[PDB]
Amino acid sequence: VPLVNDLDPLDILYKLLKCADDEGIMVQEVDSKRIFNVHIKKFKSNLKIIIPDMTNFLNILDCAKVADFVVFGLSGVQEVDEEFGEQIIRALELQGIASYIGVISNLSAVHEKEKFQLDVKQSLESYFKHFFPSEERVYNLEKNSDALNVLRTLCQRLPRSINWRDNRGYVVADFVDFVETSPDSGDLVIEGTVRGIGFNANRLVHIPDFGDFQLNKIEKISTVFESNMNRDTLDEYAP
Amino acid sequence: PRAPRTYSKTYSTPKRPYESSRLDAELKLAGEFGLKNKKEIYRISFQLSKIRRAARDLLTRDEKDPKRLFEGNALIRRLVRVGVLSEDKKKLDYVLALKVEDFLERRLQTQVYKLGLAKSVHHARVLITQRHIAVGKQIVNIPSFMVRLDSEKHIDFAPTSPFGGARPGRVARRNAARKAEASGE
Amino acid sequence: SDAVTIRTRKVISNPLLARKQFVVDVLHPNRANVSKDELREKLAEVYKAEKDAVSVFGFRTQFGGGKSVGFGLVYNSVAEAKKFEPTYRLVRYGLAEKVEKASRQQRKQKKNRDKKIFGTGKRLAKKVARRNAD
Amino acid sequence: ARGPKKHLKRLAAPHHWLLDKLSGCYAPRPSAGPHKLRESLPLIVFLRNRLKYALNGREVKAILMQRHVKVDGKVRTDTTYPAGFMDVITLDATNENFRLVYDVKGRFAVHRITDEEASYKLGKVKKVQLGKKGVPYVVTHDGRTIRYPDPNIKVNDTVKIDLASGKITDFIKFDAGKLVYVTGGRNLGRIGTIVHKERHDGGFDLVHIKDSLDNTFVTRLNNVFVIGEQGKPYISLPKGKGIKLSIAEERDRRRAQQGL
RNA sequence: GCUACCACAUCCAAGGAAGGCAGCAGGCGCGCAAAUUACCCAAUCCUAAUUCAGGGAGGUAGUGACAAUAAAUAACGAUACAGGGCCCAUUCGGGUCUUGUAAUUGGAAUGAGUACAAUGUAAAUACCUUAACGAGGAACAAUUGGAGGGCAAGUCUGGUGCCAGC
RNA sequence: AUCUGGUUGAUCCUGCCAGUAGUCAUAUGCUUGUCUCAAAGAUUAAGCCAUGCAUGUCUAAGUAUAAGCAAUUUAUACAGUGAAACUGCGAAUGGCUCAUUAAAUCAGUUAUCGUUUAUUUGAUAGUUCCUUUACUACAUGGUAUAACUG
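Keeping their order, the protein sequence lines are chains k, J, Y and E. Read in order, the letters of the first sequence correspond to residues 89 to 310, 335 to 351 in the deposited numbering. Quick note: the second sequence uses the deposited numbering, first residue 2, plus one each step. Quick note: the third sequence uses the deposited numbering, first residue 2, plus one each step. Quick note: the fourth sequence uses the deposited numbering, first residue 2, plus one each step.
Structural data, given as structure tokens:
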């Protein structure tokens, strides 16, 4: 999440991956892509890197609640704004969130003497004295040795996440294609990895801006399941 | 590793803490000379009680004994050179009756008030601390200098202080920048 | 106004590196700390030498202003002063240029992975260009 | 350990070199060479802690690589070559010639000598033996072997060595009433003359030595280096000339000399 | 450095193949109990075929109320009203004092802090030096423990015994 | 070179339990403005360990036909620089911990006429074709492999 409107999180990504000891991972993935799946061949882990669009606001509010680590970027040229930056910080912690990392991308703008680039960190501690008494560091990604234990922690840890979203099951899509069953109703194939506790053929599934739709079958591709006739009242006003 | 760096502790507290005939004579030295706490008075009894111990056993061994003559005539020579022993008391038995204010009267806080520079003993320790007094050419700012004897006569003000020299401080400059420009308006 | 007085004490004639070394002492009442550009250009005419053949270092200013003590020395050719003086003193004087390499951690990890290739490695290139081609 | 040791820590360095105990963590360790370890002095303690010519280690190697410094008419570049007793250190671009000899308080003294005394060197006699093919040799205290000597030389005598060709001019015997330097122990650096020498069979023999101010002392036999007959040494002695001054006598002799 | 068994534990296309932090930084363990995955070979010294390359040995900073040294948090006046006070004392006040206090009044000094420069240093950070800035200080505000006895310090008012072994 | 409270109605004793100071002696509680100097995963578990580093090295002077570069030029054997690899040397020093170990270690002290030793420093080698110069080179004998191409 960028916290000011003029930021390049793709460049913040390219400040997070220069210290990863491959080379040909950043240059081919530039054109128009907001989802990335990358395997880290040092700590032996795979990551699902997402980045939403700042022009919309509602998309920001759910891209947090799918995840467990939230990279909080800051700015070395301004402070935060109340109605849009500070409120969106107050937004996510009140609806519930897992852990996070506050971070700064660039510290070129303050003058190249050293002590002036020191205290500007201490100013940026301001929103982690009254917001959170649980995080005291801000990692300068221009430093190569601060940009590595931000890679150590997300590849090797996982925090206490939320209660309610965890205990029901939730899948993110990777490949969505439509196949035909009938002109009254067809079928969508959804490729993904199940998180939460799972998805079984005795209840329903809601997706926002589309709503509720009834499954038919479950296939795990390296267990072929179907939907029985024990459905509920698939209506609005149940008789 | 590396070599280790020596240090030492320089005072010592007393055995009985609350007994009243001690507590007053310490008080009347702290008001007479203006000392901050009683750690400053323990500092002068420690240094004394090793001088007294050092002469306390050269007296035991014989006279015309070449350790008495080399270590005696140096201890005597150092106490006169700062000016505690009297010049007619150059005998080894006379240091065994030395007292604690015979060092207290040689500090810079005490030797600048007697020499006519400050109107009180508390006008000394604030004159020294603020870099005003300069024996020789050197601004000192320690109220416990223990001035050597042949340099009692060099103390004066400093060639940088506003008292004995150049530009006034940033009140008078600020007051002149509050009135002289305000004379027109 | 300012008597910038320059003493030069404890002088030693050193022909084994072709120089003179001496303790520089400078009095400066009512000023803060005369800089190195002056103290290098001052001593040249006192010793009849080029500006580039002199160098100074290590200046501590006494407790309470007024003076500064330290060290300086001077060779009898500019050819010697590029030959003998350490190259971080030469880069102070605008005389030698800064080399630019990787940091100390990036050229340690770089040599630990050229410990795995017995040879030039060109024969290894056409191998993976064969198998990883398909 | 498993092999030889190769580092010398700073507090374990020999005391009369006077390295200050805060500058580093290790000291120079002397190489294997002519003189023993705790009885010698490398060329870096000479050229930067005594003559103050060099200010680093990197400056000493710059001096040694220009092939200036010789010992005994031979060039050395080993930055810890072990120069010891009675060695001659001939710089060239100053025309100075030095000789290593002892102080009185127990130190290695800076000593300048002429350009003619720097052509020879004494040395005592550690053993005399019959070598292979029946020729004899002689071993000095710095380790020079020299074949074909005179038969009248015995052990503990003193030879004179010509540094040019490595040969012998003449020699001095060892008996009562000779001039003697003392090169090890407590009375280290004092010069006196022989009273007599008693012998213990299967033990360490003791000499009795009288000073010039006629006060006597006793040392073992091996710390005794013959110099010449009485009143006439063969080398240029330092100031003080090996006279022990009591600490009482040298405060006031410093006091009255303090007139500058 | 390698090889065996013992205790361990890592990757695997299941055919196999690899491993020893009581070196330096850092781990999720334990317990009353102990710092940064930072910068460099400038010094100290060691090694090599060697002046040049290498060195978490070693140096420099960050974190550090483990211990030890030096010592800010106020100093000077005026009147005022008191007393004591030495004396002019006639008796006044004639002098010398000392305080006491008067949200009675005045002006001088200065570094904690900030910060052009220079100096420091391998490069920097800090300490020494120094332009401009920086106080009535009521706010630029010292704290821990006690006030029968041992053992310095209260005959003071308030609880229905709010908030009693002490 | 020092002592004070507590057994009885009252007093003298034996006698112990409080008190009182120190600690380069570790934790812990509340506070905390300045300069100099600085220990710091020992105790319990010599328990277990993700990732990166800590040991390599070339001079005029052992081996260069790089299909390297520089080209620059007196040089038809080669000669400037110089990757890879063979040969030589080092990796047995340093750094860390304190589990074992009670005549063992270790200290001050002897002995080697009882032994091995890279290196460094100083000496040291006409005799060795069957021969005293008779076949069979001393103006100089023989294969094998590395990097590299495929």
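All C-beta atoms in this analysis are idealised placements derived from N, C-alpha and C, irrespective of residue type, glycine included.
Drop a sphere of 10 angstroms on the beta-carbon of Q110 (chain J), count the other beta-carbons inside from all chains shown, and report buried for 16 or more, exposed for fewer. buried
At which residues does the beta strand (DSSP E) containing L207 (chain E) begin and terminate? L207 to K211
Using alpha carbons as the reference points, say which of E:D104, E:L180, E:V181 and E:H69 lies closest to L246 (chain E). E:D104
Closest to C243 (chain k) by CA distance: which of k:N93, k:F337, k:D156 and k:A152 is it? k:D156
Helix, strand or coil for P67 (chain J), going by three-state DSSP, please let me know. helix
Mapping DSSP to helix, strand and coil, what is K99 (chain Y)? coil
Since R11 (chain E) meets chain J, which of its residues come closer than 7 Å, beta carbon to beta carbon? Scanning chain J for C-beta atoms nearer than 7 Å to the C-beta of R11 (chain E) yields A4, reported in chain order.
Any idea which residues DSSP pairs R283 (chain k) with across the strands? Residue pairing by DSSP places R283 (chain k) opposite k:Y258 in a beta bridge.
Answer yes or no: does any C-beta atom of chain J fall closer than 9 Å to that of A249 (chain E)? yes
Going along chain E, which residues have a C-beta under 8 Å from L17 (chain Y)? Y54, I64, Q67, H69, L92, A94 and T95
Does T130 (chain J) get closer than 9 Å to chain Y when you measure Cβ to Cβ? No, no contact with chain Y.
Would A119 (chain J) and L105 (chain J) qualify as a contact pair, given that the criterion is a beta-carbon distance under 9 Å? Cβ atoms of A119 (chain J) and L105 (chain J): not closer than 9 Å.
Between the C-alpha atoms of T115 (chain E) and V89 (chain E), what's the straight-line distance to the nearest angstrom? 11 Å
Would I244 (chain E) and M87 (chain E) qualify as a contact pair, given that the criterion is a beta-carbon distance under 9 Å? no
Closest by CA to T281 (chain k), which one among k:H294, k:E307 and k:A289? k:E307
Quick check on the DSSP output: the beta strand (DSSP E) that includes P5 (chain E) runs from which residue to which? Unbroken run through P5 (chain E): none, as it is neither H nor E.
Quick check on the DSSP output: the beta strand (DSSP E) that includes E199 (chain E) runs from which residue to which? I192 to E199
Just mark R248 (chain k) as buried or exposed, buried being the case when its beta carbon has 16 or more other beta carbons within 10 Å. Its Cβ having fewer than 16 others within 10 Å, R248 (chain k) is exposed.
Output the distance between the C-alpha atoms of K117 (chain Y) and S133 (chain k), rounded to the nearest integer angstrom. 25 Å
If we ignore side chains and look at the alpha-carbon of each, how far apart do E118 (chain E) and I192 (chain E) end up? Taking the straight line from one Cα to the other gives about 20 Å.
Taking C-beta pairs closer than 7 Å, name the residues in chain J that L23 (chain E) reaches, listed in chain order. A4
C-beta atoms of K161 (chain E) and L123 (chain E) nearer than 9 Å: The criterion of a C-beta distance shorter than 9 Å is satisfied by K161 (chain E) and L123 (chain E).
Three-state secondary structure (DSSP) of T220 (chain E): strand
Name the one or two DSSP bridge partners that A130 (chain Y) has. Answer is none; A130 (chain Y) lacks a bridge partner.
Enclosing beta strand (DSSP E) for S14 (chain Y) [first to last residue]: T6 to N15
Starting from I148 (chain k), trace the alpha helix (DSSP H) in both directions and tell me its first and last residue. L146 to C151
Buried or exposed (CB count within 10 angstroms, at least 16 for buried), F109 (chain E): buried
In terms of residue numbering, what span does the beta strand (DSSP E) encompassing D171 (chain E) cover? Secondary structure note for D171 (chain E): its beta strand (DSSP E) is the uninterrupted segment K168 to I173.
So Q139 (chain J) contacts chain Y; which residues on that side make the cut at Cβ distance below 9 Å? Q63, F64 and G65
Once you ignore the five residues that flank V141 (chain J) on each side, which residues in its own chain have a CB closer than 8 Å to its CB? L109, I129, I134 and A135
Report the three-state DSSP secondary structure of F172 (chain k) (helix, strand or coil). helix
Just the C-alpha distance for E81 (chain Y) and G59 (chain Y), rounded to the nearest angstrom, thanks. 21 Å
Neighbour-count burial assignment, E86 (chain Y), 16 or more Cβ in a 10 Å radius: buried
Just to make sure I have the definition right: I need the residues of chain Y whose C-beta is within less than 9 Å of the C-beta of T161 (chain J). Which are they? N31, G65, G66 and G67
Let me know if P5 (chain J) comes out buried or exposed under the rule of 16 or more other beta-carbons within 10 Å of its beta-carbon. exposed
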